[PDB]
Amino acid sequence: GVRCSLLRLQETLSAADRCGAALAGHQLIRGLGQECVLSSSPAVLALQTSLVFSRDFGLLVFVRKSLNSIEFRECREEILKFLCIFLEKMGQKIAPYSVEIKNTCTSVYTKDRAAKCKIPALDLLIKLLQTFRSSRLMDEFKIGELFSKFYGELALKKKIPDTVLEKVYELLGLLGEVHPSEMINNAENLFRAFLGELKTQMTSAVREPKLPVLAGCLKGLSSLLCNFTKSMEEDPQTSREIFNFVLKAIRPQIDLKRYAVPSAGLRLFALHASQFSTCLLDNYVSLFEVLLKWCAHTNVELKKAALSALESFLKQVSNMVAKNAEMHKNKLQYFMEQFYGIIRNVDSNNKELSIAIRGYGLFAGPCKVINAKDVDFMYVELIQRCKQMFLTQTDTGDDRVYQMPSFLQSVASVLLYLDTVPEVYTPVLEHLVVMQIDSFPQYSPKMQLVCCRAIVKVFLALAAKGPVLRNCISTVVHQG
Amino acid sequence: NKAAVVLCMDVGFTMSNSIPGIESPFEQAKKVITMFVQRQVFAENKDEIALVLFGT
Amino acid sequence: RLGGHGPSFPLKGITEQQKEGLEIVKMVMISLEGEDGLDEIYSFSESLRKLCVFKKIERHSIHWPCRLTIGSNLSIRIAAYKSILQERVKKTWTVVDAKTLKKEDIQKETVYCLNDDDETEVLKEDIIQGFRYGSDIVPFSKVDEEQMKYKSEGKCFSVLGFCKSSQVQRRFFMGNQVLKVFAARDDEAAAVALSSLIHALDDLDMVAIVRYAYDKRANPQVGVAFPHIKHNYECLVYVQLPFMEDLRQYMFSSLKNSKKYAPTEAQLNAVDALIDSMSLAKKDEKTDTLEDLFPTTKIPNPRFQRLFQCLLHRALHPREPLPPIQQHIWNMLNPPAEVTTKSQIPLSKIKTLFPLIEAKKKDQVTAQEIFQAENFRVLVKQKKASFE
Amino acid sequence: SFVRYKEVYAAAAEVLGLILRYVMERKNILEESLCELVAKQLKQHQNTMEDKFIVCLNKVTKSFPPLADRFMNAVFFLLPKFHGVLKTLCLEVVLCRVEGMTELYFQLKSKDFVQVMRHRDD
Amino acid sequence: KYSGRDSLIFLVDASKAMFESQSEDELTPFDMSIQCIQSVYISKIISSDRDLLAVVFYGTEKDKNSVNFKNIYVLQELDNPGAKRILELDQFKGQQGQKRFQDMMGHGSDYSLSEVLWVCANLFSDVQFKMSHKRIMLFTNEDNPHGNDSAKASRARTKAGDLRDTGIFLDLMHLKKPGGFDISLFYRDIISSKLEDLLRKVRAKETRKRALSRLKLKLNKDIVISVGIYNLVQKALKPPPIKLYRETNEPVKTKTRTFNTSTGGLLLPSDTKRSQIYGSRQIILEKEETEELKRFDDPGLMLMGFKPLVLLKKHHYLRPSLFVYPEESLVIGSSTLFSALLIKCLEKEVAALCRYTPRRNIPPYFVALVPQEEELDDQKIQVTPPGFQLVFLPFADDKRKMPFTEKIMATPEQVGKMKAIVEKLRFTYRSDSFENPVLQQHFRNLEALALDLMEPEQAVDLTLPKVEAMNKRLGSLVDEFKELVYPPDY
DNA sequence: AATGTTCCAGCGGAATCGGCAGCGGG
DNA sequence: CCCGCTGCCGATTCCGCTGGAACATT
């Protein structure tokens, strides 16, 4: 089982009519992968880890020697897929075998012709550059000529079948993002490549779009914009155009079947809403509706990024109105009243009303500079609703446990932006964050993070306004 | 080796009579002469053109 | 409106002065030239429907000279003139550099990388061509096949025979052009020689299977030479014809011997009325000769005319996007209004009367089209937009 | 013979096999009558579409073994041509008839039986 | 069937007299069968170079097969025809060939029976392709192989029925006892002679059938019909010349690439425009601008009414005629009404004029669907299929202008003499058989450049007229035609 | 200086077909 | 909120055909 199947794999290389023997080797590779994945003991996991990668004989050297084999593709493809599985099956100690894998990845890409193996020879290499994002054990991967060749392999005939090209754009972006240190100079060429190709995809009265290419271009551009920001004040052309492309990639189609361009466009928007500063105040209404739409999409990963993009959008426009809210009276009123629309409307949703409350809390602070009274007009109806909902009524049996952290972050946010505390609800304030504590184990990850955000946020808010109410942080911690 | 075409175009008010219900004969003449000249100029031949205007 | 293969004046488009002007001009130009002048007259609608503005300006193709050889003795010097062949755009869309607009400021290349671990470049002079033969390749290279290739024995218009029963049917012409052989100059006896040949070939149903090569370099083609049938000249038209490898046999299931597709006589007469509604031919002026409604063999190519006007617009106006296709083009490429008006009804009679146009699950959308309490009661009593 | 949905042809075959077994156990003169019909319906399967042929033969032979004697040859010609579950159906079809095939060793060996016992499927 | 390759297993007898000259000084029938198989491979590897071929000899002392039955030697298993396999099969020609077969396999044995056909079955069985047709060519002279044993005859009969069950058709090509036919014998049940058809006249062809298009023909605006547009006449031409390395003999994968924006570097699709410089002015467009300006319609035919089959003359054609035929795929019921108006266009002698647009973004081009009735007989000669026939109509400058200034009349007496000349010159034109000189010579050259047989065959230029033959058939009269009106006379 | 052949790129039936979602299952 | 097939649905490949641009003889 261990190191003997690999031995048979290298033994069956020279057998004549390596077609049935090809299937036997492929089955052996499948069994090896199944065995290694089934392995649960970390000690034997590292043992087989060292076992598979050996210079004298192994699958790595097999791929390095089976290069000139047309029929050895499905076996090569199976080995590459197993390598992709392994690179995340185990930890971050691939190092002694990393660089050669990367090298062989390029080899198993730069010679193999079938796109069924050109994809894994990009999946494995993207995985390698993601799991060694740290500079250590990584400068052995020369980003220089890697970028050079994977950027020169798209200056040629319209050959590569729009899926390998998708992964190529993803990898160019990732090179822009992981290790941004050597490619300080050629990122302009990569930006111009991304914008030009995305242009051709979104402006043509010919040729129904290569949607995988559009998704790859957008996600790669997102990654490249990390560490290579173009804020919307220095060069006011490329940021306009990137945001225009993001709009068109998230413009609401009446009837589209595949959701891959909206996913990557929404993830770009979520990551980099701050990047598009002044472009993000013109059609904000339509952005609001489209973000609610894709929050209500009933997909699996389209909502996961639509909600993040909506959150970042509201966050950025809140941080924006909170600067010069003189001509932002109308926009402020619109946002807060649409949050009222989300929260007073009778909807059977869960993550819907958890948007209005958080937007309420974010937009609270910009209200202190328009009224200085609505920080108190709010935060009272907010605590009053908290008391009605999850202090007295259906305190035990209901579904209203999901939407407590939103209340708590909103409360803390308006709390910081509110001087001369009403000081009659503070007992209920502490009685509310204690009971946010009480219900932490009946939640899920990625709100447990946000619930911890709410708890530290309330703490850091009430604790920064003199010792009188910082005396209640002791009481709340004690009661929790 | 080369041929010369010398067109003539009437432009007068009667030629440019306001639309009797379909379209103007003068503008039809304009369309046809534009077809002729565009094909001649895009054929790169040495078939010269001399244009004159009457009813001016 | 623009051109419709039909009438010119809408209801009454003539006046007395216009009629007399037409009379005097036609009389003067007839006396100057003759009946050919009256033959050469058109409107602004068909001159946009025809190439009539382009006459006697372009030149004859080539008087390609060869000889009709029957056996080794019956020789007839001939000049073939090239007849129908597809025309094409004579300019290449030249690649340039973006935003600097210079043709020389770009240069492509071609590098023959090997199937090795990288782009292990090799030079041009160390690459010879192969050929597929089985599972491997044959190092044929170049000079070798330029020696042991077929040799053509020069340009040859030698007749391979004749045939009465026309197995040479139009569904087998295989060509890319049509040739038309008349005569030569220089004491035209060969004129009447081949004229005798074709006046023998025309009256009785025989054809002329012939061998033809353009020159020494060109490959030889066996074709059929149907005899010319016109009054002002008498030619021997020539057309290429398949070789044993060219023509394919495709078994298609029969229709007369088909059951589940059996058409009812109701359908037959329905499409009878459909055909007679949209017939493009008729008889008139008591001449017992058919007229040519929608004669698709005289109107120009919309391709290069639309290209001409598109490039005109983009050349004068470097900013505006591509224009739309003219209305007169779309009138070129549409049947006359009379047939459509006579047509709408049997069209719908078929629409209902025939089985359904069932399956429709296809879309070809372009990129630009896919990404571009008491207080409340007191208030109610006080104010109300509606009433009652 | 309705090859567009699984249950129509598969269950027609299975109920037909049940009917055939019943009219065999009842010694009546009707079994051969549509035994020939079902045989013919399989014969149109043998050489235009193989997977439906083996599915329907397995379904008839789950309850009626004595209809593969006149199909064993076919199944062997198809036995090394299947890799998925169709090979499992093929081998069950051969298994319903083995106790009486004259040698069956040569046909199996010719078809790589030893090498196919070594696969992973249970 | 499309992804379906037909196949041949060659079962060549070598027992007692097919091996031996048998008092005949022309060719031993074992060598005759070897020549036959050689011809088959030559024909296929260049006409049908995707099929499966196999040669197996039986009745031999040695025995190679998957199951190890005696006397059966599977020379080659089913695989694509190669130059190497025909070279390997070449070494059994002549007396030296007979002795080479002896020293490697060796004639003469208790030649086995049905087991032999058994091997053929397995050779078909143990392949992983899709076989449209399966057949076994059986080259033998022994035609009464059971004057002594009756059990083996019955076992052979059972196994032959066993083989015809699974779609395997025996068709034995026929060696001879005297050299020609005298053996009128009785294996008519085992089978479902003239090997000369199978030795020479398969020199070069190609095999396929495919649709070239699946378009809609639209009548008014919404009653669209599902038509396919095949071509029955192609102009096949010499295969592509792959580039090989001079030393390693490998197909280098060339890569083209543009650069040098005055900085060298590397240009990218969007870094370039397209231009034309007419007269003294350049015009600049985007790639998509040019690709779009040649857009008029979605693919498919639009009916433009009907016209008689007397107005479209025959001196107008532009392209090889296509052939449309209804497939009931895009819209159902297409075949029914398609046949309906085909019958109507027949009886009315009318044809469906249309505006063809074959591909997505292509200029329109006027076409005419000339109706076409099929043809068949008791012999089932599918000479023509039933449907329409897309004749492409020239537009306006396709039609060139000839001088037309030729007017000299003729003498209607010698015209009959020329008539008689062409009446003795006539013969059946053809339905087939005009092998392409250049292509045939090319295939010869590839053969005798990968078969090593240093003399390349000489393609007989069938196209070249036999001028001397028809001159001696003519007689000495055309000289009188020359002297009649145009004597040399200085 | 025109024309036919060679060459290259781009679009398409057709076959696989993997897998993208979507209706059953616990 | 999960798990299993079961279509049908995009892309892939590999032929194949056409168009367009190159390229060598007179």
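Going by the header, the method for this PDB entry is cryo-EM, and the resolution given is 3.33 Å.

Glancing now at the overall build of chain A. Along its length, chain A carries 24 helices and zero strands. Based on the C-alpha atoms only, the size of chain A along its principal axes is roughly 90 × 55 × 40 Å. Expressed as a percentage of contacts within chain A between residues at least 6 apart in sequence, the contacts between residues at least 24 apart total 72%.

Before going further, it helps to spend a moment on the interface of chain C and chain E. Listed per partner, the contact involves 168 residues of chain C and 179 residues of chain E. Here the side of chain C that touches chain E takes nine residues from helix 6 (residues 302–316) of chain C, the largest share from any one element. Classifying every residue of the side of chain C that touches chain E by side-chain character gives 94 nonpolar, 36 polar and 38 charged. Pairing analysis gives two bridges linking strand 3 (residues 94–95) of chain C to strand 10 (residues 274–278) of chain E, with the strands arranged antiparallel. Its bridge partner being in strand 10 of chain E, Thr94(C) is matched across the sheet by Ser275(E).

Moving on, we come to a nonpolar patch on the surface. Residues and elements named next belong to chain C. A surface patch of nonpolar side chains, amounting to about 460 Å² of accessible area, comprises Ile14, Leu22, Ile24, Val25 and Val28. Topologically, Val25 is positioned in helix 1 (residues 16–32). Assessed through its relative accessible area of 52%, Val25 is described here as exposed.

Our focus in this paragraph is the packing of aromatic side chains. Under the defined criterion, the tally for this structure stands at 63 aromatic pairs over all chains. For the pair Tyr169(A) and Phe194(A), a centre-to-centre distance of 5.7 Å together with 80° between the ring planes defines the contact as edge-to-face. Residue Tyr169(A) is located in helix 10 (residues 164–177), and its partner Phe194(A) is located in helix 11 (residues 187–202); the two are separated by 25 residues in the primary sequence. Exposure class is identical for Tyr169(A) and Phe194(A). Each is buried. The interplanar angle of 90° and the centroid separation of 6.2 Å between the aromatic rings of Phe157(C) and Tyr238(C) together place this pair among those described as edge-to-face. Of this pair, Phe157(C) sits in strand 8 (residues 157–158) while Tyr238(C) sits in strand 12 (residues 236–240), placing them 81 residues apart in sequence. Between the NZ or CZ atom of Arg319(E) and the centre of the ring of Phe392(E), over which it lies, the distance is 4.4 Å. Lying across the ring of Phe172(C), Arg430(E) places its NZ or CZ 5.4 Å from the centre.

Around DNA strand F sit 21 residues, and of these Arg207(A), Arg258(A), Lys82(C), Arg214(E) and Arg360(E) come closest. Of what DNA strand F places within 4 Å of the protein, 92% of the atoms are sugar or phosphate. Within the backbone of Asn219(C), a nitrogen or oxygen atom sits 3.4 Å from a phosphate oxygen of DNA strand F. Across the surface near DNA strand F, the residue classes tally to six nonpolar, five polar and ten charged.

Taken together, 19 residues lie around DNA strand G, and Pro161(A), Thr163(A), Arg248(C), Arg303(C) and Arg319(E) are the ones closest in. Backbone atoms, meaning sugar and phosphate, make up 97% of the atoms of DNA strand G lying within 4 Å of the protein. Between a phosphate oxygen of DNA strand G and a main-chain N or O atom of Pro161(A), the distance comes to 2.7 Å. Here a phosphate oxygen of DNA strand G and a side-chain polar atom of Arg319(E) are 2.5 Å apart. In terms of residue class, the surface near DNA strand G is made up of six nonpolar, four polar and nine charged.

Residue and element names in this part refer to chain D. As a packed pair, helix 1 (residues 6–25) and helix 3 (residues 50–61) sit with axes 7 Å apart at the nearest point and diverge in direction by 35°. Considering only the axes of helix 1 and helix 3, their crossing is right-handed. Where helix 1 abuts helix 3, its residues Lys6, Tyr9, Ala10, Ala13, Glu14, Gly17 and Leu20 lie against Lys52, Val55, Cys56, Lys59 and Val60. Residue composition of the contact of helix 1 with helix 3, grouped by class: seven nonpolar, one polar and four charged.

Although it is not a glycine, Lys286(C) sits at a positive phi angle of roughly 55°. Looking at the secondary structure, you find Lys286(C) in the loop between helix 5 (265–277) and helix 6. Judged by relative accessible area, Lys286(C) falls into the exposed class, the value being 72%. The backbone of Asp489(E) sits at a positive phi, close to 35°, despite the residue not being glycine. On the secondary structure map, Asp489(E) appears in the segment after helix 11 (478–485).

Once that is clear, we can look at a negative patch on the surface. Residues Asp186(C), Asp187(C), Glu188(C), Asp479(E), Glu480(E), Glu483(E) and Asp489(E) make up a contiguous surface patch of negative charge. Looking at the element boundaries, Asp186(C) is found in the loop between strand 9 (177–183) and helix 4 (189–203).

Turning next to the sheet that holds strand 11 (residues 281–285) of chain E. An order of 3(C)-10(E)-11(E) is seen for the three strands of this open sheet, with the pairing classed as antiparallel. Looking at the sheet topology across the chains shown, the edges are occupied by strand 3 of chain C together with strand 11 of chain E.

Another point: the interface of chain C and chain B. Contact with chain C, which involves 19 residues of that partner, is made by 17 residues of chain B. Counting each side, the surface lost to burial between chain C and chain B is near 2000 Å², with a carbon and sulfur contribution of 69%. In this structure, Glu44(B) and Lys91(C) form a salt bridge, with 3.4 Å as the shortest nitrogen-oxygen distance. At the boundary of chain C and chain B, one finds three residue pairs in polar contact. In terms of residue count, helix 6 of chain C provides more of the side of chain C that touches chain B than any other element does, five residues in total. Grouping the constituent residues of the side of chain C that touches chain B by class yields eleven nonpolar, four polar and four charged.

Before going further, it helps to examine the environment of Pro320(E). Here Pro320(E) is to be found in the loop between strand 12 (301–308) and strand 13 (323–326). Separated by 70 residues in sequence, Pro320(E) and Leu390(E) place their C-alpha atoms 8.9 Å apart.

Once that is clear, we can look at the environment of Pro394(E). Here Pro394(E) lies in the loop between strand 16 (390–392) and helix 8 (414–425). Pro394(E) sits 28 residues away from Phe366(E) along the chain, and the two C-alpha atoms are 7.6 Å apart. What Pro394(E) contacts, discounting residues up to four positions off in sequence, is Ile84(C), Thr296(C), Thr297(C), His316(E), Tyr365(E) and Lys399(E).

Here we take up helix 9 (residues 143–152) of chain A. Of all the positions in helix 9 of chain A, only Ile143(A), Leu146(A), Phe147(A), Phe150(A), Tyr151(A) and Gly152(A) are classed as buried. Each element contacted by the buried residues of helix 9 of chain A is listed here: helix 6 (95–110), helix 8 (120–131), helix 10 and helix 11 of chain A together with strand 9 (253–259) of chain E.

Once the charged atoms of two side chains with opposite charge are near each other, the side chains can pair. Counted according to the given criterion, the structure contains 39 salt bridges over all chains. When the shortest N-O distance is used, the salt bridge between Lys27(D) and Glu25(D) registers 4.0 Å. Judged by its relative accessible area of 55%, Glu25(D) falls in the exposed class. Shared partners join several salt bridges into a network, and the residues in it are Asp272(C), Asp276(C), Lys344(E), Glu347(E) and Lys348(E).

A separate point is a positive patch on the surface. On the surface, a cluster of positive charge is made up of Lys149(C), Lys151(C), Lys216(C), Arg217(C) and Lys238(E). By the secondary structure assignment, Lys149(C) is in the loop between helix 3 (143–147) and strand 8.

All names here are of chain E. If you trace the five strands from one edge of the open sheet to the other, you get 3-2-1-4-5, paired in mixed fashion. Only two strands of the sheet have a single neighbouring strand rather than two, namely strand 3 (72–74) and strand 5 (168–171). Neighbour to neighbour, the strand axes of the sheet diverge by 20° on average, direction disregarded. When strand 1 (residues 7–13) meets strand 2 (residues 52–58), the two strands line up parallel, connected through seven bridges. Opposite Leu11, over in strand 2, you have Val56 as the bridge partner. Sheet contacts for helix 4 (residues 115–125): strand 1, strand 2, strand 3, strand 4 (134–139) and strand 5; angle to strand 1, the most-contacted strand, approximately 160°.

Thresholds, definitions, all that
- Residues numbered from 1 in each chain as written, not as in the entry; some residues may be left out.
- Chains lettered and ligands numbered in written order.
- Part of a larger assembly, values for the part shown.
- Heavy atoms only, no water.
- Residues with missing side-chain atoms left out of burial classes, pairs and counts.
- Helix = DSSP H or I, 4+ residues; strand = E, 2+ residues; numbered from the N terminus.
- Contact = heavy atoms within 4.5 Å.
- Nonpolar A, V, L, I, M, F, W, Y, C, P; charged D, E, K, R; others polar.
- Pairing = 2+ DSSP bridges.
- Patch = residues over 30% accessible without salt bridge, like charges linked within 9 Å, V, L, I, M, F, W, Y side chains within 5 Å.
- Areas by Shrake-Rupley, 256 points an atom, 1.4 Å probe, with all protein chains shown as cover.
- Salt bridge = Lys/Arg side-chain N within 4 Å of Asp/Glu carboxyl O.
- Buried < 20%, exposed > 50% of the residue type's maximum accessible area, 1.4 Å probe, protein only.
- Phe/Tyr/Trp six-rings, centres within 6.5 Å; stacked < 30°, edge-to-face > 60°.
- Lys NZ or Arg CZ within 6 Å of the ring centre and 35° of its normal.
- Near = heavy atom within 4 Å.
- Polar contact = N/O pair within 3.5 Å; in protein donor to acceptor, adjacent residues only side chain to side chain.
- Axes fitted to C-alpha atoms, helices over the stretch in contact; angles between N-to-C directions.
- Left-handed = near helix turned anticlockwise from the far one by under 90°.
- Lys, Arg positive; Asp, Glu negative; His and termini not counted.
- Charge placed at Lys NZ, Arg CZ, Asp CG, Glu CD.
- Buried area = accessible area lost by both parts, 1.4 Å probe.

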